[PDB]
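# What would the 3D arrangement of this be:
(4 chains, ligands or ions: 1)
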Amino acid sequence: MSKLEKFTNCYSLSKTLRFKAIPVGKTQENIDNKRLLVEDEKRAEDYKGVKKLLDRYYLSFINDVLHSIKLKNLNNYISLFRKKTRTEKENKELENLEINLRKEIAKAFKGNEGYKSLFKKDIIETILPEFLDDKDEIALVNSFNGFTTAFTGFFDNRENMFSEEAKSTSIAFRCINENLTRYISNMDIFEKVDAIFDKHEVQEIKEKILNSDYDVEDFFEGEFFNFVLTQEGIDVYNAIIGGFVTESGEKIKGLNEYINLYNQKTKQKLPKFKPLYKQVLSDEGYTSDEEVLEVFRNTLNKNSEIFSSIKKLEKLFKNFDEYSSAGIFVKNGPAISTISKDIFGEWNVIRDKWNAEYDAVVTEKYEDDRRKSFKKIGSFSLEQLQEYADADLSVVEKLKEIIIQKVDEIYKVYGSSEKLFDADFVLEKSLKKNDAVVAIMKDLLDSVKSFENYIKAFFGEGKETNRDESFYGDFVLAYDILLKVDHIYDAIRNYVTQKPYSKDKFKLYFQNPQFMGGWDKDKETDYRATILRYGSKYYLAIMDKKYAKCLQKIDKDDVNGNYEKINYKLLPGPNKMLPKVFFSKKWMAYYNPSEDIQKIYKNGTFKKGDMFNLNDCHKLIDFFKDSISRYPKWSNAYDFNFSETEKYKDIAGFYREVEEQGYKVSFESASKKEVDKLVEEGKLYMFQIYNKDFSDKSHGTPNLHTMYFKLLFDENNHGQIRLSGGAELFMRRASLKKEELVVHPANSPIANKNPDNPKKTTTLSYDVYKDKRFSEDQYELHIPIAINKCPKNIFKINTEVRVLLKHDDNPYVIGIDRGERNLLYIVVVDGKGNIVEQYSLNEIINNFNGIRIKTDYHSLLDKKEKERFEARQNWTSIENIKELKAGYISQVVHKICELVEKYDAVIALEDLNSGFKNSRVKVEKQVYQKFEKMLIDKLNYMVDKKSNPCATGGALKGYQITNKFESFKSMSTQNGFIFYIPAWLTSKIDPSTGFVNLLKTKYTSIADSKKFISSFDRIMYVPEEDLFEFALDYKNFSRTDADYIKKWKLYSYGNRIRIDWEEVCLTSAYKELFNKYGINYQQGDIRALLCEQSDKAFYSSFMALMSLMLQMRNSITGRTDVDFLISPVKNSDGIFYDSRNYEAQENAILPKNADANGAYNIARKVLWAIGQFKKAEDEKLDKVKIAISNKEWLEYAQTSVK
RNA sequence: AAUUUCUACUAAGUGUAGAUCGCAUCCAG
DNA sequence: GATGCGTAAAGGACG
DNA sequence: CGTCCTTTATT
Ligand SMILES: [Mg+2]
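Numbers count the residues shown, from 1 in each chain, chains lettered A, B, ... in the order given. Okay, here it is:
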């Protein structure tokens, strides 16, 4: 009984192994003499070029078929599509009509005589040359005759366009699912808004755009949709909506622009047409320091157009008073928060302005509408913002001083960068080496980008009642120029952030278009590549084109050393392969197939479905079985032991056996003398398949992929991992010069970087060079493999994880959370919520032999954040921080893998599509999404390297506890052993009571504060405890529906940390407040006394003191010692939860800090979810809904504690 | 600071620890 | 964010 | 013929 070990051999997946390929002997000389590499580097260039020419015919071919087409179901489909109350029967009716529509488009493509020719040899040899009209391009297409086979991959990418399936690549899909659905939506919008388009306005568009061939109304009739399948037709339809610019250039207004004016001018909100997506085939980074510089000078010197639009916007905003503040608008969004701070000094007073009119009891159903309606608003006028502005304060004037300040900052930064615009300037050093120059460009780009990004707010996305077009004329003219800095900024950064070395490479064919296509022995002459082994070393051997058979003649040498030559036989896709060989002209003549058999095949009765007859399919199997016996190329290669025919449920049952039997890998001896002579003579090319684990000096644990590779040829491996075909060989030219490599000279001691390492310095007897692998040309060999090619343990993973979780008595849960003080923090929890392990993942502990050395990745990040501060916020420091986090999570994955194996444990993770990230966490959402993906990816085939490969958990019996990754949005609910959970109320919660603070202690008014105090059931001093007790029922406050216990007694117990910062003792601070105002707090119930007080400074200190008492999380930024969590509520035994009572202990039963509390409580929501499983029937476990609500959570957190 | 490749390394001396699905194509803001 | 290949053996063109 | 390139068959 182990949950983990029921998840092996569940599904097949493909992986690629990568290696360095080191030439052996005369191989590199022979390759150099034959000029093979130069051929392939050129071929790659021409191959990329021919693909674009090939596109042109494909594109032209699409227009011919799409123009001719006429869709049959159109009117019937659109109607059914529009019904808003469809029976489930009618929804399937729509799907059939939708499938038929796509099938009409696909069959129109594939029904041509021409369609088959496009992806055959013929397109390059004959069709394309006649199509082209340029002598040079025809020569290029001509260079690839006899090399058509190498285009297959491209051909497949184009075959996807003509599919009838509902797939992103398809033409039919773009027409029917996306463009039709949009067209229908535009028909709906058109009839509502039809009238507002002026009689004159339409007749324009018909002459100016339509050219008088069609009426604008036609484009919104359903039967007219055929015109818009082509890119030409789409351009016209989108032109009507967007507006057109003639050959003369006269601006022609679009229907969507008309609607804008109308809704604007009348302060209404009618809808606007969606434009149609492009057709599927209709129509790069800076490469050098000289190019990067050239753009910086050209676009940002003092007489560039961007600098011209800055001077115009300075003149425009200098005249800000001259314009109408009622017709100047600020877009609603982040820019409202910023501009609110800019002039008042306060983010949320402009919030209060609109709140002042809109603002007293708050049901959250009213609160959402209260909150939702303000979000609905598109923008605010300067007049509305001045309606906010208290008297004596001018919103326009101090906006002017802020904008003008930003342009003066640009001009000062220009003077500091001025020598970077001299025509005389030349670059002394490379930019990445040249921190000074990169800092100069960054400073100028930033000051302009910030000015651009700030000024962008003055839009109002209008859609806006009468706008000051005198202001928005000059403004729009200049801003459209200024917006060019966005593209410039991104490109220059992406260049500075790049690595110094280049991974550019080109594929090697050795003059074979199907080079190294597969490893099968029979095909080894055709492919001219194979695999040799000598002891521990492996080699890729390549026969030269003039001597393809040279390896086949070699025989074993008894006396001398021998290579091990691979003997690889595969029967790939028997369902594909078995018929073609047995129904081929060559074999059909040999073997008389009864008319029943060719019937069954032509009829399709063997295939599962309504046409299926078990006997018919059985008969076909026996046909295949006898023919395999008659076909000795297969029967002799594979020891076929088929199950008795009667047992087969379907044809796939027979095929599955064939597929699993049809694989065999062994080795044959081959004279090492004879083979080596072949290499010397130039007839054979030999590379060692190499990574650092194959080094003579290598010792200790190898790479996981080193194990997969060696296991391919291990006889303890039995199809668990298959060696796949389609391997590719590349050449990556060096991108660094050996002289320009950083060297640590031999016999001089090198300073070690890790603080925790005891050894501070290392001295070697040899030189070591940074990035040495890129100072030389390097072959790399990519090898695909197939794991669990024939899976036996077929079940839906999630349903199985749910069944085991239900019946498992003590389920273990691994809760992972992101902390402010901790990169990641782990809590392991048993089936009843008891903490089993809790610790931070700030330090990764690496194990080699018995030695342990830790790496504090949190200290690493801190040192790199400090390095970011120094040298401003340099472009690279951000990258270095990004990659360090990306390499950190690759360490964390292994730690999670151990815990999962150790505790047979289910993982609990945050749902990142619902929760909101505080940004106090170090690991931002973008890095965590990466992590949760890697997690999923590892758990498709979870393996412990140090385990023996044949054991479950080992490299041949990997755990499959997770389904293949789909999308970040799919990282929700559950993926096998991984559960995704909202982070809500997981940190600011008392773990010993489930208590949470649902009160709003923000001070608004004296009257608001009185109603707050009166809503408590009692407020009294407790002499026998020296505490103030606040009995409350949450029913008497608003937005308290989620809480379950409702009745709580708060206490002013212990200290809090007010935020600089000060420590506040709650009990004495209440006494201090009450004594300041003469309140007798010892006189039983005090509630009357506090409300009697008439001073506003009293209620503000009181609400502030309530805020602190209900502030359960207390921290000092920069003081990692102080992150304590303290509860104002007693538990069953009258104890207050204080996290510091447990951070002292080594094994604590409750969370040790706020960060541990989060991981603890993320894990507990899975426990609730397991509780939901144990409630349901085994059959309906699929139906159980995992997502926990804030109401369900608070009930579980407050009842399960006991 | 060496790497199939990435990060952290130097890990006891040409390397350590973990991770690593390649290749082509299309569509998106 | 999705597509598709990870192939041996039939089949044919060219000397 | 051979040899090299092409085309093919799909639960
Ligand atoms: Mg190692």
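
# DNA strand D versus the most centrally placed residue in chain A, what's the distance?
In chain A, the centroid-proximal residue (C-alpha atoms, centre = their mean) is residue A:968; its distance is 5.4 Å. Using C-beta to the nearest atom of the strand, to the nearest Å, residue A:968 is found at 29 Å from DNA strand D. All C-beta atoms are positioned from the backbone trio N, CA, C, and that covers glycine.

# Return the backbone torsion pair for that residue.
Main-chain torsions, residue A:968, degrees, to the nearest 10: phi -60, psi -40.

# Let's verify the closest residue to it other than its chain neighbours: helix, strand, or coil?
Spatially, and ignoring its direct neighbours in sequence, residue A:968 is nearest to residue A:929 (5.3 Å; C-beta to C-beta, 6 or more residues apart in numbering). Under DSSP: H, G, I helix; E, B strand; the rest coil, the three-state class of residue A:929 is helix.

# Could I get the contacting residues of residue A:929?
Taking C-beta atoms under 8 Å, 6 or more residues apart in numbering, we find residue A:929 in contact with A:912, A:968, A:971.

# What sits closest to residue A:1169 if chain neighbours are left out?
Here the nearest residue to residue A:1169 in space, its sequence neighbours aside, is residue A:1186; by C-beta to C-beta, 6+ apart that works out to 5.0 Å.

# Does that neighbour touch residue A:974 like I think?
Yes - between residue A:1186 and residue A:974 there is a contact at 5.4 Å, judged by C-beta atoms under 8 Å.

# Spell out which residues of the stretch 51-200 of chain A are next to DNA strand C.
Applying C-beta under 7 Å from any atom of the strand, we find that the stretch 51-200 of chain A lies next to DNA strand C at A:152-153, A:156-157, A:160, A:163, A:165, A:167-169.

# Against DNA strand C, which of the contacts of residue A:929 make the cut? List them.
By C-beta under 7 Å from any atom of the strand, the members of these lying near DNA strand C are residue A:968.

# could you measure the residue in the stretch 1101-1202 of chain A positioned nearest to DNA strand C against residue A:215, distance?
The minimum distance from the stretch 1101-1202 of chain A to DNA strand C, using C-beta to the nearest atom of the strand, falls at residue A:1187 (19.4 Å). Distance, residue A:1187 to residue A:215, by C-beta to C-beta, to the nearest Å: 51 Å.

# how about the residues of chain A that lie near DNA strand D?
When proximity is defined by C-beta under 7 Å from any atom of the strand, chain A lies next to DNA strand D at A:116, A:120-122, A:145-149, A:152, A:511-514, A:525-526, A:545-546, A:548-549, A:573, A:575-577, A:579-580, A:607-608, A:650-652, A:655-656.

# Out of these, list just those in helices.
Counting by DSSP state H, the part of the residues of chain A next to DNA strand D found in helices is A:116, A:122, A:152, A:525-526, A:575-577, A:579-580, A:651-652, A:655-656.

# Check which helix or strand the one residue in chain A that gets nearest to RNA strand B maps to.
Going by C-beta to the nearest atom of the strand, RNA strand B is nearest to residue A:887 of chain A, at 2.1 Å. Using DSSP states H and E, residue A:887 sits within helix A:875-903.

# And residue A:169, by the same measure?
With DSSP H and E as criterion, residue A:169 is part of no helix or strand.

# Report the secondary structure state of the nearest residue to it once chain neighbours are set aside.
Ranked by C-beta to C-beta, 6+ apart and with sequence neighbours excluded, the top spatial neighbour of residue A:169 is residue A:160, at 3.7 Å. On the three-state scheme (three-state DSSP), residue A:160 is labelled helix.

# what about residue A:765, distance to DNA strand D?
Per C-beta to the nearest atom of the strand, residue A:765 is found 50 Å from DNA strand D.

# list the contacts for the nearest residue to that residue once chain neighbours are set aside?
Sequence neighbours aside, residue A:746 is the residue nearest to residue A:765 in space, at 5.8 Å (criterion: C-beta to C-beta, 6+ apart). Contacts for residue A:746 (C-beta under 8 Å, 6+ apart) come out as A:764-767.

# now do residue A:932
Counting by C-beta under 8 Å, 6+ apart, residue A:932 has contacts A:909, A:912, A:971, A:978.

# Residue A:408 belongs to a helix?
Yes - assessed with three-state DSSP, residue A:408 lies in a helix.

# quick one: it from residue A:441, how far?
Computed with C-beta to C-beta, the distance linking residue A:408 and residue A:441 is 20 Å.

# who has more neighbours, these two?
Remark: of residue A:408 and residue A:441, residue A:441 carries more neighbours, 22 against 12, as counted by other C-beta atoms under 10 Å.

# in which helix or strand would I find that one?
If you go by DSSP H and E, residue A:441 is part of helix A:435-455.

# quick revisit: of the ones in helices among the residues of chain A next to DNA strand D, just say which sits nearest to residue A:899.
residue A:656 (36.0 Å; C-beta to C-beta).

# can you pull the contacts of that closest one?
Residue A:656 neighbours (C-beta under 8 Å, 6+ apart): residue A:790.

# Residue A:1140 versus that one, what's the distance?
61 Å.

# ditto for residue A:1040
In this view, residue A:1040 and residue A:1140 are 29 Å apart by C-beta to C-beta.

# Would you mind confirming that the residue nearest to residue A:169 makes contact with residue A:171?
No - the pair residue A:160 / residue A:171 is not scored as a contact, 9.2 Å apart, by C-beta under 8 Å.

# out of the two, which sits in the more crowded spot?
Under the neighbour definition other C-beta under 10 Å, residue A:160 and residue A:171 were set side by side, and residue A:171 has more, 24 against 15.

# can I assume that one is in contact with residue A:280?
Yes - if you go by C-beta under 8 Å, residue A:171 and residue A:280 touch, sitting 5.3 Å apart.

# Give the residues shared as contacts by the two.
Taking C-beta under 8 Å, 6+ apart as the contact rule, residue A:171 and residue A:280 both touch A:62, A:161.

# OK, contacts around the closest residue to DNA strand C within chain A?
Closest contact between chain A and DNA strand C, by C-beta to the nearest atom of the strand, is at residue A:518 (2.4 Å). Contacts here follow C-beta under 8 Å, 6+ apart; on that basis residue A:518 touches A:527, A:570, A:725-726.

# Please identify the buried residues of the helix or strand that contains residue A:478?
Following DSSP H and E, one finds residue A:478 within helix A:469-482. The neighbour-count check on helix A:469-482 (16 or more other C-beta atoms under 10 Å) flags A:471-472, A:474-475, A:478-479, A:481-482 as buried.

# From the rest of the structure, what touches the helix or strand following it?
Using DSSP H and E, the helix or strand that follows helix A:469-482 towards the C-terminus is helix A:485-496. Under the criterion C-beta under 8 Å, 6+ apart, residues A:285-286, A:292, A:295-296, A:299-300, A:306, A:431-432, A:438, A:441, A:445, A:448-449, A:452, A:875-876 lie in contact with helix A:485-496.

# Measure how helix A:485-496 sits relative to helix A:435-455, angle-wise.
If you take axes from the mean of the first three to the mean of the last three C-alpha atoms, to 10 degrees, helix A:485-496 sits at 150 degrees to helix A:435-455.

# Which helix or strand lies directly C-terminal to helix A:485-496?
Sequence-wise, the next helix or strand downstream of helix A:485-496 (DSSP H and E) is strand A:506-507.
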